[PDB]
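Beneath this line is the structure, given in structure tokens, with notes to follow.
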Amino acid sequence: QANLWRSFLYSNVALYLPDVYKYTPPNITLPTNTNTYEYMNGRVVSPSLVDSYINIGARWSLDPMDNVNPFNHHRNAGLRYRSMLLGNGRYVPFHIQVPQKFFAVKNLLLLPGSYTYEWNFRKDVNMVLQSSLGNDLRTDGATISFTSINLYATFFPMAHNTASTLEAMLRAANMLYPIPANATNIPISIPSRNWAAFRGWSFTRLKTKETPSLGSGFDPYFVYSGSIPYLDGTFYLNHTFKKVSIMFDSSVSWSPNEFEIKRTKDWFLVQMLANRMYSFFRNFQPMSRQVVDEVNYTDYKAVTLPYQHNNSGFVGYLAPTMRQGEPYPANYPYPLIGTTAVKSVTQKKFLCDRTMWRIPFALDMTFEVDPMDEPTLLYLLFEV
Amino acid sequence: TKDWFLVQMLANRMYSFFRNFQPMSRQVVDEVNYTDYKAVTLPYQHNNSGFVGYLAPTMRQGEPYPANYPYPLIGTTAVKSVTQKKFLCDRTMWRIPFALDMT
Amino acid sequence: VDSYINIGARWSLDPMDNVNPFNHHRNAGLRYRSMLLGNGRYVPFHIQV
Amino acid sequence: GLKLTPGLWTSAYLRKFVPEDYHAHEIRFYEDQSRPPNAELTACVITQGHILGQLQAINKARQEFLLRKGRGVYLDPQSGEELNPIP
Amino acid sequence: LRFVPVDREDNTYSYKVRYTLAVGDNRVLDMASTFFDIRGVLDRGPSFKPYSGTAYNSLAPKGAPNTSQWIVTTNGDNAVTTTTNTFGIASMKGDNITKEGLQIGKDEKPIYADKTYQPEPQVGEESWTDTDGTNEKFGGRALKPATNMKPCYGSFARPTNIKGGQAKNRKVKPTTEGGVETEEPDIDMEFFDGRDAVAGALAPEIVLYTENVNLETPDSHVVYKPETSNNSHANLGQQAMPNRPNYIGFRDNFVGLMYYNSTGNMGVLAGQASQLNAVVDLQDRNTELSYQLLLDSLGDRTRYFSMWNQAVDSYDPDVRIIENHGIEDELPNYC
Amino acid sequence: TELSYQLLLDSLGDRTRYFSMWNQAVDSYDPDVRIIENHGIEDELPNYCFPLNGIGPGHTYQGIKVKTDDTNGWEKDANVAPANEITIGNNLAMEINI
Amino acid sequence: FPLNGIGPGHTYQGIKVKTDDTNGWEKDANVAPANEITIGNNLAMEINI
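Set out below in structure tokens:
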């Protein structure tokens with residue numbers, strides 16, 4: 018039973034940890050590119066980082082994992098469904114049908130005139146395909162190729178009298194802001210546009226490595242093919258927000274100036290008032306855990322990860338290597354229960370994903386964010 | 067053939083079409099294009115050699131050695147592939163809509 | 006039929022297609038009936054048809 | 012353009028007022044009386060109902076098509092059947 | 399109406415297509431009802447692994463090496479570069495061994511094992527209560543010191559002959575006439591007797607066929623590599639781990655296959671003699687996300703289709719949030 | 111007659127669509143047995159078996175102590191038993207892919 | 208199965224056919240004095256999982 022549990026935890030959590038926690042085995046040479054399959058595979062993660070005892074007896078997502086795209090997983094049901102749909106081989110021919118979207122949200126109709134309609138398609142593999150790991154598919158050796166595209170259209174009758182009647186009868190902005198690494202403040206200034214149509218705005222945090230530089234023919238710097246939350250709405254870094262303050266300029270209320278994200282019931286109420294799959298209360302999840310007290314327990318000594326030994330002698334040491342070591346009592350973790358329990362404190366955190374923030378309704382703001390180790394972008398959806 | 071699909075649908079529960087019809091598709095090694103193909107018969111295919119009973123639920127026997135079956139359809143040394151298709155329909159019947167001779 | 010049989014795809018085995026799938030010990034209905042009669046070789050039955 | 016903008020419909024709605032059916036002598040509160048209205052109810056900008064029916068029909072066809080093929084469909088390369096048909 | 403395009407240009411990163419529409423006389427064109435129809439070929443790259451764990455020698459211990467050989471230089475004033483050690487198995491029983499090789503069948507003119515395939519690695523003596531006694535001649539086949547050492551786990555060697563053999567074809571067969579070269583299977587015969595055997599009576603005790611194969615590991619890699627030199631003694635204990643699964647396919651609602659909001663590459667729905675682009679395809683609006691939210695909103699009517707959302711990205715809820723309640727390991731489990 | 115009865119009962123499902131155990135006896139098969147979906151096994155790690163004492167066998171050792179003299183020599187000790195079992199290196203094991 | 212895929216074994220040497228037609232074998236120098244080569248199948252222990 019222990020082996021089955023450890024194998025599950027390994028294969029479903031440990032291999033997907035950030036790269037800072039892994040290492041390159043000695044005597045092996047791996048590519049210098051950090052987004053290629055060979056590199057993402059060669060690195061080996063110690064099996065003891067997530068062991069059988071991790072947060073024993075509670076619901077708690079791992080601290081490293083919160084800032085990792087959960088959708089770039091091999092248990093992604095939809096991605097696996099699609100990959101099966103294409104087949105089980107490397108070379109497969111595809112027959113597909115796709116709906117036009119620009120006119121799906123604009124809903125245009127054409128009267129006489131004999132128009133010309135030209136559209137372009139993509140052959141960049143990264144943006145057209147997807148991968149569980151997210152390894153640059155462009156350099157790996159994936160390619161796409163078309164043979165014939167034809168357009169299917171459906172006209173409808175309408176009397177010329179009706180068209181003449183109509184003819185004689187009637188006679189959202191997107192902004193992306195930078196966020197340097199390990200930033201905490203972000204003062205932004207909205208460009209001055211028509212103050213009207215400010216029917217609330219949304220905002221979420223993304224990654225520079227994930228948002229593509231849409232607005233050209235081909236972005237050479239897009240070296241990732243996983244989930245693009247900027248395009249499919251799979252946002253996950255919504256819990257890294259602390260406080261958003263608007264300048265003193267007056268605003269219509271559905272109108273405070275600063276909202277506290279996490280120190281708060283106020284934000285819960287605001288988001289509920291702003292109100293499916295992409296909606297609050299379907300992706301909000303609080304959690305609570307008891308942990309060893311730091312300052313009251315007098316005999317506390319924080320052992321660093323390299324010097325923590327549990328299951329010594331019966332597992333590879335800091336490596337998926339064969340048996341090594343000698344049996345000996347463990348030192349990690351500290352018993353929170355039992356006849357020799359230690360003093361405890363309570364921790365609390367929440368995860369909200371596949372969603373967005375919605376503030377109800379020259380403008381200046383200041384944003385607070387929990388520091389992160391890679392560049393991020395502040396996405397703003399000014400509905401108009 | 068789409069024609070038969072249409073005929074059976076037009077002829078139309080547990081004992082009914084569209085509840086027991088199931089198509090399938092698989093990629094397999096190409097026979098005539100892959101130049102270095104050699105069809106090993108079942109008795110001469112060895113995989114997991116040495117760690118399983120040989121042609122019998124018998125104890126460990128053999129020696130470890132690289133396997134020969136199957137052919138890698140994926141990877142950096144993938145082989146050429148062709149597509150196969152088949153369907154299974156069960157707990158059902160055919161229904162032709164409406165001296166007589168048939169074949 | 007080893008662990009690698011048609012790795013990565015949905016495919017019923019070629020030999021199996023022409024074998025009655027209902028003559029299986031995972032047949033839910035047959036097992037239900039056999040339990041209904043009991044768990045021994047000799048059992049008396051009271052039935053209505 | 013020829014696009015029916017929010018602003019135009021609202022202006023038409025605001026300007027309109029039926030001089031009749033507005034009883035200024037006593038409190039009547041139509042829809043509490045069991046009597047028919049003085050004048051037939053009509054839309055503000057659109058007048059002919061045939062055109063409105065046609066617009067409703069095109070909208071319904073739009074929505075049903077979007078439901079039928081919103082995801083896009085995968086169909087077999089060799090043959091031409093749908094691999095993920097939705098009824 | 400189907401519509402075959404007028405002009406098509408397949409550039410390096412784009413596939414432009416141009417059409418021509420017809421006047422809507424007594425009719426008007428529902429544009430949002432339009433849908434394309436694509437047909438092509440897809441190559442998912444060498445990083446396509448639609449399964450977890452290996453496919454070859456899955457049962458083998460993850461440190462077990464094949465039966466291989468290596469050469470020790472033994473540098474010095476009188477270097478001895480002919481060490482040629484071996485480590486492996488011999489399981490093919492035989493009555494006797496001679497210059498020809500292991501004896502398998504007697505008919506006498508005993509039949510000696512064919513070198514192309516025999517001894518079949520699959521076939522081994524099936525007896526723990528054997529106690530045959532007398533002289534137990536045994537044979538097998540090992541890997542020559544030219545093929546790279548890799549663990550049995552996830553090790554493949556394409557078959558080269560119909561009978562299951564894996565030996566490569568030696569490309570060298572010099573002849574004393576100029577002429578041309580010839581191909582012979584690269585297989586040999588090595589004999590071993592015993593450490594304590596006295597020089598007087600030395601007889602073959604273990605035959606061992608040795609060859610080269612196109613060893614490769616299509617779905618595995620190495621996690622522990624003691625020494626850098628290929629084919630060394632310590633290298634026998636290198637570990638292997640299966641390659642990580644990686645499913646590739648199209649995106650949810652074929653995101654990215656069009657060129658919405660691409661100022662450099664846009665479209666026009668203008669008249670043949672109008673020159674007014676009716677499609678203002680700018681980057682102010684994010685069309686794909688608008689589509690996603692629109693489809694989500696349309697759930698009201700389509701709340702009956704339970705597979706309505708069989709492609710949307712999702713995660714295993716237990717992976718993201720972990721509930722550790724231990725393991726019911728009260729008893730032991732002996733072997 | 112029997113097949114007529116079977117089809118008749120099947121047809122009667124309309125009214126009897128509420129009885130969820132209406133069909134608890136009809137023959138059926140495990141869908142996964144007929145059509146097999148092979149996606150491998152999450153066997154990334156090994157799974158070792160260790161001896162009952164946590165160690166294999168070993169060798170008998172004695173005790174020696176630094177000489178009271180400054181001499182860099184060692185002598186037999188009497189405060190330690192003549193024979194002590196102390197294994198050398200890692201322990202014997204055998205791995206199985208569960 | 209053991210970690211190396213084999214149990215223990217016995218040390219063997221190398222011998223080659225004599226350059227003479229004589230049906231006799233001599234010690235060889237192109238092979239190491241000691242070689243580990245197990246005989247028969249490998250040690251194992253079975254468990255009912």
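Protein chains in written order, with the numbering used here: chain A, 18 to 401; chain B, 67 to 169; chain C, 6 to 54; chain D, 12 to 98; chain E, 399 to 733; chain F, 111 to 208; chain G, 208 to 256.
Virtual Cβ for every residue (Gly too), placed ideally from N, Cα, C.
The beta-carbon distance between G654 of chain E and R139 of chain A, rounded to whole angstroms, is 6 Å. This is short enough to meet the 8 Å contact definition.
Taking 9 Å as the cut-off, the beta carbon of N675 of chain E is found closer than this to the beta carbon of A668 of chain E.
Rounded to whole angstroms, the gap between the alpha carbons of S82 of chain B and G562 of chain E is 47 Å.
Proximity of the stretch 510 to 519 of chain E to the stretch 426 to 442 of chain E falls short of the contact definition, fewer than three beta-carbon pairs being nearer than 8 Å. In this structure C159 of chain F does not touch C550 of chain E by the C-beta definition: roughly 19 Å separates them, more than the 8 Å allowed. Within the stretch 12 to 27 of chain C, the residues whose Cβ lies closer than 8 Å to any Cβ of chain F are, in chain order, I12, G13, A14, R15, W16, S17, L18, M21, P26, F27. In the three-state DSSP reduction, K123 of chain A falls in the helix class (H, G or I). Between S230 of chain A and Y238 of chain A, the beta carbon gap of about 7 Å places them in contact (Cβ cut-off 8 Å). Interface flag for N242 of chain G against chain B is unset, since no Cβ pair is found closer than 9 Å. The beta carbon of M264 of chain A lies closer than 8 Å to those of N274, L380, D381, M382 in the same chain, with the five residues before and after it left out. Closest in C-alpha terms to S267 of chain A, from the list A:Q288, A:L368, A:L290, A:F378, comes A:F378. Chain A has no Cβ within less than 9 Å of the Cβ of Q88 of chain B.
Per DSSP, reduced to three states, the secondary structure at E112 of chain F is helical. If you compare the alpha carbons of F:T111, F:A191, F:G199, F:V143 with that of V24 of chain C, the shortest gap goes to F:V143.
For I161 of chain A, the three-state secondary structure derived from DSSP is strand. The stretch 183 to 192 of chain F makes no contact with the stretch 705 to 722 of chain E, as fewer than three CB pairs between them are under 8 Å. DSSP places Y54 of chain A in the uninterrupted alpha helix (DSSP H) bounded by 54 to 59. Three or more Cβ pairs closer than 8 Å define a contact, and the stretch 438 to 453 of chain E meets that threshold against the stretch 158 to 171 of chain A. For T21 of chain D, the uninterrupted alpha helix (DSSP H) run begins and ends at 17 to 26, by DSSP. Taking 9 Å as the threshold, the shortest C-beta distance from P130 of chain B to chain G falls below it. Burial check for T221 of chain A: the Cβ neighbour count within 10 Å reaches 16 or more, so the residue is buried. Counting C-beta pairs with one atom in each stretch, the stretch 522 to 535 of chain E and the stretch 613 to 628 of chain E have fewer than three that are closer than 8 Å, which means they do not touch. Here DSSP, grouped into helix, strand and coil, assigns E184 of chain A to helix. Burial is judged here by how many other beta carbons sit within 10 angstroms of a residue's own beta carbon; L399 of chain E has fewer than 16 and is exposed. The three-state reading of DSSP puts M429 of chain E in strand, counting E and B together. Proximity to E205 of chain F across F:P156, F:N182, F:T126, F:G150 peaks at F:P156, based on C-alpha coordinates.
Secondary structure at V386 of chain A: strand, using DSSP grouped into helix, strand and coil.
Residue nearest to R23 of chain A within the set F:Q172, F:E154, F:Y115 is F:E154 (criterion: CA-CA distance).
A check of alpha carbon separations from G18 of chain D across A:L187, A:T41, A:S305 identifies A:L187 as the nearest.
Contact check for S618 of chain E and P643 of chain E: beta-carbon distance about 13 Å, past the 8 Å limit, so the pair fails to qualify.
Put simply, the CB of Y37 of chain C is far from chain B, with every gap to its CB atoms at 9 Å or more. Straight-line measurement puts the Cα of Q636 of chain E at about 21 Å from the Cα of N113 of chain B.
According to the DSSP assignment, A72 of chain D belongs to the alpha helix (DSSP H) that extends over 60 to 80.
When only Cα atoms are considered, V401 of chain A and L13 of chain D end up about 20 Å apart.
Cβ proximity to chain F below 7 Å picks out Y449, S450, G451, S456, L457, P459, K460 from the stretch 440 to 468 of chain E.
The beta carbon of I246 of chain G sits no closer than 9 Å to any beta carbon of chain F.
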